[PDB]
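Below is my_file_19.txt, holding compact mmCIF, C-alpha atoms and all ligand atoms.
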```txt
# COMPACT_ATOMS: atom_id res chain seq x y z
CA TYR A 1316 8.39 -28.74 -3.76
CA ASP A 1317 4.96 -29.77 -2.41
CA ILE A 1318 2.26 -28.97 -4.98
CA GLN A 1319 -0.58 -29.71 -2.51
CA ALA A 1320 0.76 -27.57 0.42
CA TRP A 1321 -1.20 -24.48 -0.61
CA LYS A 1322 -4.51 -25.97 0.55
CA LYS A 1323 -3.70 -26.20 4.31
CA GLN A 1324 -1.86 -22.85 4.02
CA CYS A 1325 -5.10 -21.33 2.66
CA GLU A 1326 -7.19 -22.98 5.38
CA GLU A 1327 -4.91 -21.48 8.05
CA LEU A 1328 -5.01 -18.04 6.41
CA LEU A 1329 -8.85 -18.23 6.23
CA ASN A 1330 -8.89 -19.09 9.96
CA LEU A 1331 -6.79 -15.94 10.68
CA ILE A 1332 -9.11 -13.85 8.51
CA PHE A 1333 -12.20 -15.14 10.37
CA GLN A 1334 -10.57 -14.14 13.75
CA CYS A 1335 -9.83 -10.65 12.43
CA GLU A 1336 -12.57 -8.15 13.40
CA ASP A 1337 -12.17 -6.48 9.99
CA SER A 1338 -13.64 -9.60 8.31
CA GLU A 1339 -17.07 -9.28 10.02
CA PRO A 1340 -18.96 -7.65 7.05
CA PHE A 1341 -17.52 -10.28 4.70
CA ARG A 1342 -17.95 -13.57 6.59
CA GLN A 1343 -21.30 -14.47 4.99
CA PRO A 1344 -23.06 -13.43 1.76
CA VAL A 1345 -24.31 -9.77 1.75
CA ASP A 1346 -27.91 -9.73 3.10
CA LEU A 1347 -30.30 -8.41 0.44
CA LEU A 1348 -32.79 -7.28 3.11
CA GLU A 1349 -29.98 -5.05 4.56
CA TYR A 1350 -28.83 -3.83 1.05
CA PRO A 1351 -31.84 -4.07 -1.28
CA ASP A 1352 -30.07 -2.70 -4.33
CA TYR A 1353 -26.95 -4.88 -3.94
CA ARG A 1354 -27.51 -7.04 -7.06
CA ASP A 1355 -28.18 -3.91 -9.19
CA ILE A 1356 -24.50 -2.90 -8.50
CA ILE A 1357 -22.73 -6.27 -7.92
CA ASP A 1358 -22.87 -9.03 -10.53
CA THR A 1359 -21.01 -11.71 -8.60
CA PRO A 1360 -21.38 -11.77 -4.83
CA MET A 1361 -18.56 -13.38 -2.85
CA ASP A 1362 -17.78 -13.83 0.83
CA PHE A 1363 -15.30 -15.73 3.04
CA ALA A 1364 -17.67 -18.56 4.05
CA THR A 1365 -18.26 -19.31 0.33
CA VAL A 1366 -14.46 -19.28 -0.24
CA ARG A 1367 -13.88 -21.65 2.72
CA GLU A 1368 -16.73 -23.96 1.56
CA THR A 1369 -15.33 -24.06 -2.00
CA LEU A 1370 -11.87 -24.93 -0.65
CA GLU A 1371 -13.17 -27.61 1.75
CA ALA A 1372 -15.30 -29.18 -0.99
CA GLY A 1373 -12.16 -29.70 -3.10
CA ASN A 1374 -13.45 -27.20 -5.66
CA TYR A 1375 -10.31 -25.05 -6.02
CA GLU A 1376 -7.51 -26.48 -8.17
CA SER A 1377 -4.90 -23.86 -7.23
CA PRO A 1378 -4.39 -20.97 -4.78
CA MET A 1379 -4.70 -18.56 -7.77
CA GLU A 1380 -8.40 -19.52 -8.05
CA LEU A 1381 -8.92 -18.89 -4.30
CA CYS A 1382 -7.09 -15.57 -4.69
CA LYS A 1383 -9.36 -14.50 -7.48
CA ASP A 1384 -12.46 -15.09 -5.31
CA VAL A 1385 -10.96 -13.32 -2.23
CA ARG A 1386 -10.04 -10.34 -4.47
CA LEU A 1387 -13.66 -10.29 -5.69
CA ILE A 1388 -14.82 -9.80 -2.06
CA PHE A 1389 -12.69 -6.66 -1.95
CA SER A 1390 -13.57 -5.32 -5.42
CA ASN A 1391 -17.30 -5.79 -4.64
CA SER A 1392 -16.89 -3.72 -1.47
CA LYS A 1393 -15.06 -1.00 -3.41
CA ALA A 1394 -17.75 -0.96 -6.11
CA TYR A 1395 -20.64 -0.85 -3.59
CA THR A 1396 -19.23 1.78 -1.26
CA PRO A 1397 -20.88 5.20 -1.43
CA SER A 1398 -17.62 6.76 -0.16
CA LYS A 1399 -13.90 5.92 0.01
CA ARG A 1400 -14.24 6.87 3.75
CA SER A 1401 -17.03 4.34 4.58
CA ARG A 1402 -16.60 2.02 7.57
CA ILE A 1403 -17.04 -1.27 5.66
CA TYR A 1404 -14.84 -0.19 2.73
CA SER A 1405 -12.10 0.95 5.17
CA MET A 1406 -12.26 -2.50 6.83
CA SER A 1407 -11.97 -4.12 3.38
CA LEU A 1408 -8.75 -2.19 2.63
CA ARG A 1409 -7.04 -3.28 5.84
CA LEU A 1410 -8.16 -6.86 5.38
CA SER A 1411 -6.96 -6.82 1.75
CA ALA A 1412 -3.49 -5.61 2.87
CA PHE A 1413 -3.36 -8.44 5.47
CA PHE A 1414 -4.52 -11.03 2.90
CA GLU A 1415 -2.04 -9.89 0.19
CA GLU A 1416 0.83 -9.92 2.72
CA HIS A 1417 0.06 -13.55 3.64
CA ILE A 1418 -0.96 -15.01 0.23
CA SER A 1419 2.23 -13.87 -1.51
CA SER A 1420 4.37 -16.80 -0.24
CA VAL A 1421 1.51 -19.29 -0.86
CA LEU A 1422 1.32 -18.31 -4.52
CA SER A 1423 5.10 -18.19 -4.94
CA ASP A 1424 5.64 -21.62 -3.33
CA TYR A 1425 2.86 -23.19 -5.39
CA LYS A 1426 4.08 -21.76 -8.73
CA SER A 1427 7.68 -22.80 -7.91
CA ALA A 1428 6.58 -26.34 -6.96
CA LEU A 1429 4.54 -26.64 -10.16
CA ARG A 1430 7.48 -25.41 -12.27
CA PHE A 1431 9.68 -28.04 -10.54
CA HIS A 1432 7.07 -30.72 -11.24
CA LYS A 1433 6.98 -29.86 -14.94
CA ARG A 1434 10.78 -29.40 -15.36
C1 LIG A 1501 -20.91 -5.89 3.04
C2 LIG A 1501 -21.70 -5.05 2.02
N1 LIG A 1501 -21.38 -3.64 2.14
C3 LIG A 1501 -20.24 -3.12 1.56
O1 LIG A 1501 -19.42 -3.77 0.89
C4 LIG A 1501 -20.06 -1.69 1.79
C5 LIG A 1501 -20.95 -0.89 2.49
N2 LIG A 1501 -20.29 0.33 2.59
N3 LIG A 1501 -19.07 0.29 1.98
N4 LIG A 1501 -18.91 -0.92 1.47
```

Render the structure in this file as structure tokens.
Ligand SMILES: CCNC(=O)c1c[nH]nn1
Amino acid sequence: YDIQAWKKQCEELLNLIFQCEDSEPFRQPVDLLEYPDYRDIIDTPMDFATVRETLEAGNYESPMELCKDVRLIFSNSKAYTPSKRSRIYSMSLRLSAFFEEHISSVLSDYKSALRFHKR
């Protein structure tokens, strides 16, 4: 029933993602000195510290908005990878599976609570 519960649930999931070794390439914005052509390929950079900062600033209204930005971290990795076998892309796929497995109940509980609120 709690329409605000998603926020702490997302904070806890972000904490788990930061402890996961697979999140290392995605914890901070991609370094342009490391990947000089990054902005020629990626229009909208995204990373987990930016997601956490947006959440802590009170700049997400719903967990769907947070989801959209986390999914953008993974689609940017898929678009930038030179190979479906690359180390960083392979890390992104495992981390995406872990994220999707955990965000499912957050989204469901939020949408259910909002439907109850507007009944
Ligand atoms: C963190 C920026 N690099 C990537 O997303 C990447 C590199 N190889 N495969 N994907």

- Residue contacts of residue A:1413 (12 Å, all atoms listed in the file) excluding same-chain residues fewer than 3 positions away, as JSON, numbers by chain: {"A": [1328, 1329, 1331, 1332, 1335, 1337, 1338, 1385, 1406, 1407, 1408, 1409, 1410, 1416, 1417, 1418, 1419]}

Take the residues just selected and output them with C-alpha atoms as an mmCIF file, in the coordinates of the input.
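Saved as part.cif:
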```cif
data_model
loop_
_atom_site.group_PDB
_atom_site.id
_atom_site.type_symbol
_atom_site.label_atom_id
_atom_site.label_comp_id
_atom_site.auth_asym_id
_atom_site.auth_seq_id
_atom_site.Cartn_x
_atom_site.Cartn_y
_atom_site.Cartn_z
ATOM 1 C CA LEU A 1328 -5.010 -18.040 6.410
ATOM 2 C CA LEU A 1329 -8.850 -18.230 6.230
ATOM 3 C CA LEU A 1331 -6.790 -15.940 10.680
ATOM 4 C CA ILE A 1332 -9.110 -13.850 8.510
ATOM 5 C CA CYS A 1335 -9.830 -10.650 12.430
ATOM 6 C CA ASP A 1337 -12.170 -6.480 9.990
ATOM 7 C CA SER A 1338 -13.640 -9.600 8.310
ATOM 8 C CA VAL A 1385 -10.960 -13.320 -2.230
ATOM 9 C CA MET A 1406 -12.260 -2.500 6.830
ATOM 10 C CA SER A 1407 -11.970 -4.120 3.380
ATOM 11 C CA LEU A 1408 -8.750 -2.190 2.630
ATOM 12 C CA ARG A 1409 -7.040 -3.280 5.840
ATOM 13 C CA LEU A 1410 -8.160 -6.860 5.380
ATOM 14 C CA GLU A 1416 0.830 -9.920 2.720
ATOM 15 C CA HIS A 1417 0.060 -13.550 3.640
ATOM 16 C CA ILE A 1418 -0.960 -15.010 0.230
ATOM 17 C CA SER A 1419 2.230 -13.870 -1.510
#
```

Which protein, DNA or RNA residues have an atom within 9 Å of ligand LIG 1501 (chain A), counting only C-alpha atoms and all ligand atoms, as a PDB file with C-alpha atoms, in the frame of the given file?
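New file out.pdb:
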```
ATOM      1  CA  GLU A1339     -17.070  -9.280  10.020  1.00  0.00           C
ATOM      2  CA  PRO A1340     -18.960  -7.650   7.050  1.00  0.00           C
ATOM      3  CA  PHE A1341     -17.520 -10.280   4.700  1.00  0.00           C
ATOM      4  CA  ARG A1342     -17.950 -13.570   6.590  1.00  0.00           C
ATOM      5  CA  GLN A1343     -21.300 -14.470   4.990  1.00  0.00           C
ATOM      6  CA  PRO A1344     -23.060 -13.430   1.760  1.00  0.00           C
ATOM      7  CA  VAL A1345     -24.310  -9.770   1.750  1.00  0.00           C
ATOM      8  CA  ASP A1346     -27.910  -9.730   3.100  1.00  0.00           C
ATOM      9  CA  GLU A1349     -29.980  -5.050   4.560  1.00  0.00           C
ATOM     10  CA  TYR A1350     -28.830  -3.830   1.050  1.00  0.00           C
ATOM     11  CA  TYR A1353     -26.950  -4.880  -3.940  1.00  0.00           C
ATOM     12  CA  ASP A1362     -17.780 -13.830   0.830  1.00  0.00           C
ATOM     13  CA  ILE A1388     -14.820  -9.800  -2.060  1.00  0.00           C
ATOM     14  CA  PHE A1389     -12.690  -6.660  -1.950  1.00  0.00           C
ATOM     15  CA  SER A1390     -13.570  -5.320  -5.420  1.00  0.00           C
ATOM     16  CA  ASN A1391     -17.300  -5.790  -4.640  1.00  0.00           C
ATOM     17  CA  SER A1392     -16.890  -3.720  -1.470  1.00  0.00           C
ATOM     18  CA  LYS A1393     -15.060  -1.000  -3.410  1.00  0.00           C
ATOM     19  CA  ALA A1394     -17.750  -0.960  -6.110  1.00  0.00           C
ATOM     20  CA  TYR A1395     -20.640  -0.850  -3.590  1.00  0.00           C
ATOM     21  CA  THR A1396     -19.230   1.780  -1.260  1.00  0.00           C
ATOM     22  CA  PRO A1397     -20.880   5.200  -1.430  1.00  0.00           C
ATOM     23  CA  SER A1398     -17.620   6.760  -0.160  1.00  0.00           C
ATOM     24  CA  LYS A1399     -13.900   5.920   0.010  1.00  0.00           C
ATOM     25  CA  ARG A1400     -14.240   6.870   3.750  1.00  0.00           C
ATOM     26  CA  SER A1401     -17.030   4.340   4.580  1.00  0.00           C
ATOM     27  CA  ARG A1402     -16.600   2.020   7.570  1.00  0.00           C
ATOM     28  CA  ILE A1403     -17.040  -1.270   5.660  1.00  0.00           C
ATOM     29  CA  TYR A1404     -14.840  -0.190   2.730  1.00  0.00           C
ATOM     30  CA  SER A1405     -12.100   0.950   5.170  1.00  0.00           C
ATOM     31  CA  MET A1406     -12.260  -2.500   6.830  1.00  0.00           C
ATOM     32  CA  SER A1407     -11.970  -4.120   3.380  1.00  0.00           C
TER      33      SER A1407
END
```

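The shortest atom-to-atom distance to residue A:1386, with only C-alpha atoms taken into account, belongs to A:1415 out of A:1317, A:1358, A:1371, A:1415.
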
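Minimum atom-to-atom distances from A:1365, A:1380, A:1421, A:1411 to residue A:1327 were compared using only C-alpha atoms, and the lowest value belongs to A:1421.
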
Pairwise distance, atom CA of residue A:1379 with atom CA of residue A:1357, equals 21.8 Å

Computed gap from atom CA of residue A:1425 to atom CA of residue A:1319 is 7.9 Å

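Shortest atom-to-atom contact with residue A:1363 among A:1316, A:1414, A:1351, A:1376: A:1414, counting all atoms listed in the file.
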
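With distances taken over all atoms listed in the file, A:1378 is the one residue among A:1364, A:1378, A:1433, A:1412 lying closest to residue A:1324.
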
Taking all atoms of stretch 1403-1414 of chain A that the file lists and extending 4 Å past them on each side, where is the centre of the axis-aligned box and how long are its edges? Answer in Å to one decimal, as JSON.
```
{"center_x": -10.2, "center_y": -5.0, "center_z": 4.3, "size_x": 21.7, "size_y": 20.0, "size_z": 13.1}
```

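Between atom CA of residue A:1420 and atom CA of residue A:1381 the interatomic distance comes to 14.1 Å.
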
Give me stretch 1356-1381 of chain A with N, CA, C and O atoms filled in, as a CSV table (one decimal), in the coordinates of the input.
```csv
chain,number,residue,atom,x,y,z
A,1356,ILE,N,-25.9,-3.4,-8.5
A,1356,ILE,CA,-24.5,-2.9,-8.5
A,1356,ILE,C,-23.5,-4.0,-8.6
A,1356,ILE,O,-22.4,-3.8,-9.3
A,1357,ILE,N,-23.7,-5.1,-8.0
A,1357,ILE,CA,-22.7,-6.3,-7.9
A,1357,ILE,C,-23.2,-7.5,-8.7
A,1357,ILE,O,-24.3,-8.1,-8.3
A,1358,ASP,N,-22.5,-7.9,-9.7
A,1358,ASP,CA,-22.9,-9.0,-10.5
A,1358,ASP,C,-22.5,-10.4,-9.9
A,1358,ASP,O,-23.3,-11.3,-10.1
A,1359,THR,N,-21.4,-10.4,-9.2
A,1359,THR,CA,-21.0,-11.7,-8.6
A,1359,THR,C,-20.7,-11.6,-7.1
A,1359,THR,O,-19.5,-11.3,-6.8
A,1360,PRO,N,-21.6,-11.9,-6.3
A,1360,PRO,CA,-21.4,-11.8,-4.8
A,1360,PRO,C,-20.3,-12.8,-4.4
A,1360,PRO,O,-20.2,-13.9,-5.0
A,1361,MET,N,-19.6,-12.5,-3.4
A,1361,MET,CA,-18.6,-13.4,-2.8
A,1361,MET,C,-18.3,-13.0,-1.4
A,1361,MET,O,-18.5,-11.9,-1.0
A,1362,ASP,N,-18.0,-14.0,-0.6
A,1362,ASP,CA,-17.8,-13.8,0.8
A,1362,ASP,C,-16.8,-14.9,1.3
A,1362,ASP,O,-16.6,-15.9,0.6
A,1363,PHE,N,-16.3,-14.8,2.6
A,1363,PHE,CA,-15.3,-15.7,3.0
A,1363,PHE,C,-15.8,-17.1,3.4
A,1363,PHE,O,-15.1,-18.1,3.3
A,1364,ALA,N,-17.1,-17.2,3.8
A,1364,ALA,CA,-17.7,-18.6,4.0
A,1364,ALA,C,-17.8,-19.3,2.7
A,1364,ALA,O,-17.5,-20.5,2.7
A,1365,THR,N,-18.2,-18.7,1.6
A,1365,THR,CA,-18.3,-19.3,0.3
A,1365,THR,C,-16.9,-19.7,-0.1
A,1365,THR,O,-16.7,-20.9,-0.6
A,1366,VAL,N,-15.8,-18.9,0.1
A,1366,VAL,CA,-14.5,-19.3,-0.2
A,1366,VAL,C,-14.0,-20.5,0.6
A,1366,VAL,O,-13.5,-21.5,0.0
A,1367,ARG,N,-14.2,-20.5,1.9
A,1367,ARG,CA,-13.9,-21.6,2.7
A,1367,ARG,C,-14.6,-22.9,2.3
A,1367,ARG,O,-14.0,-24.0,2.2
A,1368,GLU,N,-15.9,-22.8,2.0
A,1368,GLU,CA,-16.7,-24.0,1.6
A,1368,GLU,C,-16.2,-24.5,0.2
A,1368,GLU,O,-16.2,-25.7,0.1
A,1369,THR,N,-15.8,-23.6,-0.7
A,1369,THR,CA,-15.3,-24.1,-2.0
A,1369,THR,C,-14.0,-24.8,-1.8
A,1369,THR,O,-13.8,-25.9,-2.4
A,1370,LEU,N,-13.1,-24.3,-0.9
A,1370,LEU,CA,-11.9,-24.9,-0.6
A,1370,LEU,C,-12.1,-26.3,0.0
A,1370,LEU,O,-11.5,-27.3,-0.4
A,1371,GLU,N,-12.9,-26.4,1.0
A,1371,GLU,CA,-13.2,-27.6,1.8
A,1371,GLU,C,-13.9,-28.7,0.9
A,1371,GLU,O,-13.7,-29.9,1.1
A,1372,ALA,N,-14.7,-28.3,-0.1
A,1372,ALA,CA,-15.3,-29.2,-1.0
A,1372,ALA,C,-14.3,-29.8,-2.0
A,1372,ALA,O,-14.7,-30.6,-2.8
A,1373,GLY,N,-13.1,-29.2,-2.1
A,1373,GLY,CA,-12.2,-29.7,-3.1
A,1373,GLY,C,-12.5,-29.1,-4.4
A,1373,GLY,O,-12.4,-29.8,-5.5
A,1374,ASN,N,-13.0,-27.8,-4.4
A,1374,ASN,CA,-13.4,-27.2,-5.7
A,1374,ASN,C,-12.5,-26.1,-6.1
A,1374,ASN,O,-12.9,-25.3,-7.0
A,1375,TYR,N,-11.3,-25.9,-5.5
A,1375,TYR,CA,-10.3,-25.0,-6.0
A,1375,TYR,C,-9.2,-26.0,-6.5
A,1375,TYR,O,-8.8,-26.9,-5.7
A,1376,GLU,N,-8.7,-25.7,-7.7
A,1376,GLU,CA,-7.5,-26.5,-8.2
A,1376,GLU,C,-6.2,-25.9,-7.7
A,1376,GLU,O,-5.2,-26.6,-7.6
A,1377,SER,N,-6.2,-24.5,-7.5
A,1377,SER,CA,-4.9,-23.9,-7.2
A,1377,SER,C,-5.2,-22.7,-6.3
A,1377,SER,O,-6.3,-22.2,-6.2
A,1378,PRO,N,-4.2,-22.2,-5.6
A,1378,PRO,CA,-4.4,-21.0,-4.8
A,1378,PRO,C,-4.7,-19.7,-5.6
A,1378,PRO,O,-5.3,-18.8,-5.1
A,1379,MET,N,-4.4,-19.7,-6.9
A,1379,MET,CA,-4.7,-18.6,-7.8
A,1379,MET,C,-6.2,-18.4,-7.9
A,1379,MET,O,-6.7,-17.3,-7.9
A,1380,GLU,N,-6.9,-19.6,-7.9
A,1380,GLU,CA,-8.4,-19.5,-8.0
A,1380,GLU,C,-9.0,-19.0,-6.8
A,1380,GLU,O,-9.9,-18.1,-6.8
A,1381,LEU,N,-8.5,-19.4,-5.6
A,1381,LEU,CA,-8.9,-18.9,-4.3
A,1381,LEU,C,-8.6,-17.4,-4.2
A,1381,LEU,O,-9.5,-16.6,-3.8
```
